[PDB]
>>> print(open('query05.cif').read())   # mmCIF, C-alpha atoms
data_upload
#
loop_
_atom_site.label_atom_id
_atom_site.label_comp_id
_atom_site.auth_asym_id
_atom_site.auth_seq_id
_atom_site.Cartn_x
_atom_site.Cartn_y
_atom_site.Cartn_z
CA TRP H 1 85.71 86.33 170.73
CA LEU H 2 86.45 90.02 170.13
CA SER H 3 90.15 89.50 169.38
CA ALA H 4 89.27 87.03 166.62
CA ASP H 5 86.66 89.52 165.43
CA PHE H 6 89.25 92.33 165.36
CA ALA H 7 91.71 90.14 163.46
CA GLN H 8 89.05 89.11 160.95
CA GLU H 9 88.00 92.74 160.45
CA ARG H 10 91.57 93.98 159.93
CA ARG H 11 92.37 91.14 157.52
CA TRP H 12 89.09 91.68 155.67
CA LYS H 13 89.51 95.44 155.28
CA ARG H 14 93.12 95.12 154.11
CA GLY H 15 91.98 92.60 151.51
CA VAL H 16 89.07 94.87 150.56
CA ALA H 17 91.45 97.79 150.06
CA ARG H 18 93.80 95.67 147.95
CA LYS H 19 91.00 94.42 145.72
CA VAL H 20 89.65 97.96 145.35
CA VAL H 21 93.14 98.89 144.14
CA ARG H 22 93.04 95.93 141.76
CA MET H 23 89.49 96.78 140.66
CA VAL H 24 90.46 100.40 139.95
CA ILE H 25 93.55 99.19 138.08
CA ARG H 26 91.23 97.06 135.96
CA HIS H 27 88.93 100.05 135.45
CA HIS H 28 91.87 102.21 134.31
CA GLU H 29 93.19 99.63 131.86
CA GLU H 30 89.59 99.38 130.62
CA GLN H 31 89.73 103.17 130.23
CA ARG H 32 92.62 102.42 127.86
CA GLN H 33 90.87 99.46 126.22
CA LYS H 34 88.37 102.23 125.43
CA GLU H 35 90.91 103.83 123.10
CA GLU H 36 91.79 100.40 121.70
CA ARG H 37 88.08 99.72 121.14
CA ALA H 38 87.74 103.00 119.23
CA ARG H 39 90.76 102.08 117.08
CA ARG H 40 89.33 98.60 116.46
CA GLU H 41 85.97 100.14 115.53
CA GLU H 42 87.82 102.31 113.01
CA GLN H 43 89.46 99.20 111.56
CA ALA H 44 86.00 97.63 111.40
CA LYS H 45 84.86 100.76 109.56
CA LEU H 46 87.66 100.20 107.05
CA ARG H 47 86.43 96.64 106.64
CA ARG H 48 82.82 97.83 106.24
CA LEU P 1 117.21 101.04 77.77
CA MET P 2 118.83 104.41 77.05
CA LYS P 3 121.92 103.08 78.84
CA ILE P 4 122.19 99.78 76.97
CA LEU P 5 121.37 101.37 73.60
CA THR P 6 124.10 103.95 74.26
CA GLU P 7 126.38 100.99 74.98
CA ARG P 8 125.18 99.55 71.66
CA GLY P 9 126.42 102.77 70.02
CA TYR P 10 123.01 104.46 69.64
CA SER P 11 123.69 107.27 72.09
CA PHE P 12 120.49 108.66 73.66
CA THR P 13 120.67 111.36 76.33
CA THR P 14 118.40 114.30 75.48
CA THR P 15 114.86 114.78 76.79
CA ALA P 16 113.52 114.24 73.26
CA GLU P 17 115.66 111.15 72.66
CA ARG P 18 114.29 109.67 75.88
CA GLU P 19 110.83 109.59 74.30
CA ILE P 20 112.18 107.89 71.17
CA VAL P 21 113.69 105.25 73.45
CA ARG P 22 110.36 104.97 75.28
CA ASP P 23 108.75 104.29 71.91
CA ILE P 24 111.35 101.57 71.31
CA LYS P 25 110.55 100.21 74.78
CA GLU P 26 106.82 100.13 74.02
CA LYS P 27 107.13 98.60 70.55
CA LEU P 28 110.09 96.19 70.63
CA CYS P 29 110.81 95.09 74.21
CA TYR P 30 109.43 91.89 75.73
CA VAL P 31 109.83 89.65 78.78
CA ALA P 32 111.68 86.47 77.85
CA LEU P 33 110.70 83.18 79.47
CA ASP P 34 114.36 82.17 79.99
CA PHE P 35 116.89 84.99 80.23
CA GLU P 36 119.94 82.76 79.80
CA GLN P 37 118.51 80.87 76.83
CA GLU P 38 117.36 84.12 75.24
CA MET P 39 120.82 85.65 75.67
CA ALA P 40 122.42 82.55 74.17
CA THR P 41 120.07 82.68 71.18
CA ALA P 42 120.69 86.39 70.66
CA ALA P 43 124.45 85.85 70.79
CA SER P 44 124.28 82.85 68.44
CA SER P 45 121.55 84.16 66.10
CA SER P 46 120.37 87.59 64.95
CA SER P 47 116.72 86.56 64.53
CA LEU P 48 115.93 88.48 67.74
CA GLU P 49 117.01 91.85 66.30
CA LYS P 50 114.44 94.36 65.02
CA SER P 51 114.66 97.50 62.89
CA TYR P 52 113.43 100.87 64.20
CA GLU P 53 113.11 104.01 62.07
CA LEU P 54 114.19 107.14 63.93
CA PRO P 55 112.33 110.41 63.26
CA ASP P 56 115.20 111.60 61.04
CA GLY P 57 114.90 108.52 58.80
CA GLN P 58 117.89 106.64 60.24
CA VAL P 59 117.23 102.94 60.81
CA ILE P 60 118.79 101.34 63.91
CA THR P 61 118.84 97.64 64.80
CA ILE P 62 117.79 96.69 68.35
CA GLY P 63 119.08 93.35 69.61
CA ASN P 64 119.20 91.61 72.98
CA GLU P 65 118.29 94.98 74.51
CA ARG P 66 114.68 94.07 73.69
CA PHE P 67 114.59 91.69 76.66
CA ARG P 68 117.54 92.84 78.77
CA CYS P 69 115.53 96.01 79.45
CA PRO P 70 112.38 94.50 81.04
CA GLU P 71 114.47 91.80 82.76
CA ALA P 72 115.35 94.48 85.32
CA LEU P 73 111.81 93.95 86.65
CA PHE P 74 112.80 90.43 87.71
CA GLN P 75 116.50 91.13 88.46
CA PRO P 76 116.81 94.73 89.74
CA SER P 77 120.55 94.09 90.18
CA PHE P 78 121.01 95.35 86.61
CA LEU P 79 119.95 98.79 87.89
CA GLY P 80 122.13 98.66 91.00
CA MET P 81 119.02 98.18 93.16
CA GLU P 82 119.22 95.74 96.08
CA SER P 83 115.52 94.97 95.76
CA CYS P 84 113.06 92.18 95.09
CA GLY P 85 112.01 91.48 91.53
CA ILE P 86 108.34 91.75 90.67
CA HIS P 87 108.01 87.97 91.04
CA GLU P 88 109.64 88.07 94.48
CA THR P 89 107.66 91.17 95.40
CA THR P 90 104.40 89.33 94.67
CA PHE P 91 105.55 86.06 96.27
CA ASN P 92 106.77 87.64 99.51
CA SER P 93 103.63 89.81 99.61
CA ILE P 94 101.47 86.68 99.42
CA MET P 95 103.64 85.00 102.06
CA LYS P 96 103.04 87.92 104.44
CA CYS P 97 99.30 87.18 104.29
CA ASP P 98 97.47 84.61 106.39
CA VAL P 99 98.12 81.07 105.21
CA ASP P 100 94.45 80.35 104.52
CA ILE P 101 94.10 83.09 101.87
CA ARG P 102 97.46 82.56 100.13
CA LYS P 103 95.98 79.89 97.87
CA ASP P 104 93.30 82.28 96.60
CA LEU P 105 95.88 85.03 96.07
CA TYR P 106 98.08 82.60 94.12
CA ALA P 107 95.07 81.57 92.04
CA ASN P 108 94.17 85.24 91.37
CA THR P 109 97.48 87.03 90.70
CA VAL P 110 96.60 89.99 88.44
CA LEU P 111 98.95 92.19 86.39
CA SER P 112 97.88 95.78 85.74
CA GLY P 113 99.23 99.11 84.56
CA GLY P 114 101.09 100.39 81.53
CA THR P 115 104.40 98.70 82.36
CA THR P 116 102.70 95.27 82.25
CA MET P 117 101.82 95.45 78.53
CA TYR P 118 104.92 93.48 77.47
CA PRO P 119 104.70 90.13 75.70
CA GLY P 120 105.63 87.11 77.78
CA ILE P 121 105.45 88.87 81.16
CA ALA P 122 102.44 86.78 82.21
CA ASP P 123 104.25 83.53 81.39
CA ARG P 124 107.42 84.60 83.19
CA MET P 125 105.48 85.63 86.30
CA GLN P 126 103.55 82.34 86.24
CA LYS P 127 106.78 80.35 85.99
CA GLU P 128 108.45 82.33 88.78
CA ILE P 129 105.55 82.01 91.20
CA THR P 130 105.15 78.30 90.41
CA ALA P 131 108.84 77.80 91.17
CA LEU P 132 108.71 79.94 94.33
CA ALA P 133 105.37 78.89 95.82
CA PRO P 134 104.54 75.47 97.30
CA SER P 135 103.65 72.73 94.84
CA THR P 136 100.23 72.55 96.51
CA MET P 137 99.17 76.06 95.45
CA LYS P 138 97.28 76.35 92.14
CA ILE P 139 99.16 79.32 90.71
CA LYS P 140 97.52 81.44 88.01
CA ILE P 141 98.47 84.79 86.49
CA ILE P 142 95.65 86.88 85.01
CA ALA P 143 96.70 89.51 82.45
CA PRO P 144 93.78 91.06 80.58
CA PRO P 145 94.26 92.71 77.15
CA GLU P 146 93.01 96.06 78.49
CA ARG P 147 95.11 95.86 81.66
CA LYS P 148 96.72 99.26 81.02
CA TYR P 149 93.26 100.80 81.62
CA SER P 150 92.00 98.40 84.31
CA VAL P 151 93.02 100.96 86.95
CA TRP P 152 90.54 103.40 85.42
CA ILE P 153 87.92 100.83 84.38
CA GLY P 154 87.63 99.70 87.99
CA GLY P 155 86.76 103.27 88.92
CA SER P 156 84.16 103.41 86.16
CA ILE P 157 82.53 100.22 87.49
CA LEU P 158 82.75 101.39 91.10
CA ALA P 159 81.37 104.89 90.52
CA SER P 160 78.49 103.74 88.30
CA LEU P 161 77.00 101.25 90.79
CA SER P 162 73.76 102.42 92.40
CA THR P 163 74.74 101.06 95.83
CA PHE P 164 78.07 102.92 95.61
CA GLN P 165 76.30 106.30 95.66
CA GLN P 166 76.25 106.10 99.48
CA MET P 167 80.07 105.94 99.61
CA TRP P 168 80.86 109.45 98.30
CA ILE P 169 82.19 112.32 100.28
CA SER P 170 79.47 114.91 99.85
CA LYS P 171 80.11 118.65 99.74
CA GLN P 172 77.99 118.87 102.90
CA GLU P 173 80.11 116.31 104.75
CA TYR P 174 83.29 118.13 103.73
CA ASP P 175 81.86 121.44 104.95
CA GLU P 176 80.84 119.79 108.23
CA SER P 177 84.04 117.80 108.81
CA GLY P 178 86.91 119.23 106.77
CA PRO P 179 89.37 117.21 104.68
CA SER P 180 89.79 114.55 107.38
CA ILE P 181 86.44 113.17 106.13
CA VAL P 182 88.56 111.30 103.56
CA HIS P 183 89.81 109.02 106.34
CA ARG P 184 86.18 108.07 107.06
CA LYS P 185 85.08 107.42 103.45
CA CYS P 186 87.84 106.56 100.99
CA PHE P 187 89.83 103.31 100.89
#
>>> encode(input="query05.cif", output="structure tokens")
Amino acid sequence: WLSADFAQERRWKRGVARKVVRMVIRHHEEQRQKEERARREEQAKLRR
Amino acid sequence: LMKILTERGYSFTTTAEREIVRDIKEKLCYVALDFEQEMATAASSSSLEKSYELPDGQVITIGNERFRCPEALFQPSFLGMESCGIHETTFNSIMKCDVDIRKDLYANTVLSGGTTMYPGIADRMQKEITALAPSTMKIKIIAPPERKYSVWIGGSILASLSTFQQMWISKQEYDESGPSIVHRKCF
């Protein structure tokens, strides 16, 4: 039982780390979509 | 026009003469509907020539130069410019817009400014954009009689509207923000 549990835990935590990396990558490119959103709001101000 | 009148033998080079030639340009030049036919008529008949009285009392006769001058608007090659004519400039500008609005732009092509006060320019532009544009587009030039002042009249209209009074830069906003405020107000 405990060997399967160890394998599951290692697999799970490696996947968790990888998806935290992916999640933080998404957060950073959202922290650039922030600048794009400001630029797009300025274009919307031109249109207003 | 100074160039082609000098080639005609009426040499014009001084800063004062340039204004006499501008007066000739304003009074006697026109946009012909067909450049080749107009040239043929001018070469086969003198009915296209007009008399102009210079300030010293000398009378000079202006011929095909009346329409060869403004033709440079449509064929900049006469000036040595490798550029679009006004018809092509308008047509390509429309064709850089989204397809859905090109029909409205074709139907509302407006000529404005002092250089547009020639006779025949509206007809020539209409013909050119009908020949260039798709047959499906309902082309229409609009060329008002006061089009030399339309630039200013638009500002009169704009600035006198009650709802426009929110659009100004105020002295307070300039003091708060500096000149960059213009990028937040004026377009």
>>> residues_near_point(input="query05.cif", point="(93.5, 84.5, 87.1)", cutoff="6 Å", atoms="all atoms listed in the file", output="MDAnalysis selection string")
chainID P and resid 107:109 140:142
>>> atom_distance(input="query05.cif", atom1="CA of residue 48 (chain P)", atom2="CA of residue 60 (chain P)")
13.7 Å
>>> interface_residues(input="query05.cif", of="chain P", to="chain H", cutoff="12 Å", atoms="all atoms listed in the file", output="list in words")
residues 167, 182, 183, 184, 185, 186 and 187 of chain P
>>> write_last_selection(input="query05.cif", atoms="C-alpha atoms", output="JSON list (two decimals), in the frame of the given file")
[["chain", "number", "residue", "atom", "x", "y", "z"],
["P", 167, "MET", "CA", 80.07, 105.94, 99.61],
["P", 182, "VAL", "CA", 88.56, 111.30, 103.56],
["P", 183, "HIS", "CA", 89.81, 109.02, 106.34],
["P", 184, "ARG", "CA", 86.18, 108.07, 107.06],
["P", 185, "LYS", "CA", 85.08, 107.42, 103.45],
["P", 186, "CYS", "CA", 87.84, 106.56, 100.99],
["P", 187, "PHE", "CA", 89.83, 103.31, 100.89]]
>>> resolve_selection(input="query05.cif", expression="the PyMOL selection byres ((chain P and resi 123) around 12)", output="PyMOL selection string")
chain P and resi 30-34+87+111+116+118-122+124-130+139-143
>>> residues_near_point(input="query05.cif", point="(116.9, 105.8, 73.9)", cutoff="8 Å", atoms="all atoms listed in the file", output="list in words")
residues 1, 2, 3, 5, 6, 10, 11, 12, 13, 17, 18, 19, 20, 21, 22 and 24 of chain P
>>> write_last_selection(input="query05.cif", atoms="C-alpha atoms", output="CSV table (one decimal), in the frame of the given file")
chain,number,residue,atom,x,y,z
P,1,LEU,CA,117.2,101.0,77.8
P,2,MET,CA,118.8,104.4,77.0
P,3,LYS,CA,121.9,103.1,78.8
P,5,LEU,CA,121.4,101.4,73.6
P,6,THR,CA,124.1,104.0,74.3
P,10,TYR,CA,123.0,104.5,69.6
P,11,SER,CA,123.7,107.3,72.1
P,12,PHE,CA,120.5,108.7,73.7
P,13,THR,CA,120.7,111.4,76.3
P,17,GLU,CA,115.7,111.2,72.7
P,18,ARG,CA,114.3,109.7,75.9
P,19,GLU,CA,110.8,109.6,74.3
P,20,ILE,CA,112.2,107.9,71.2
P,21,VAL,CA,113.7,105.2,73.4
P,22,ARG,CA,110.4,105.0,75.3
P,24,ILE,CA,111.4,101.6,71.3
>>> atom_distance(input="query05.cif", atom1="CA of residue 131 (chain P)", atom2="CA of residue 36 (chain P)")
16.6 Å
>>> atom_distance(input="query05.cif", atom1="CA of residue 112 (chain P)", atom2="CA of residue 150 (chain P)")
6.6 Å
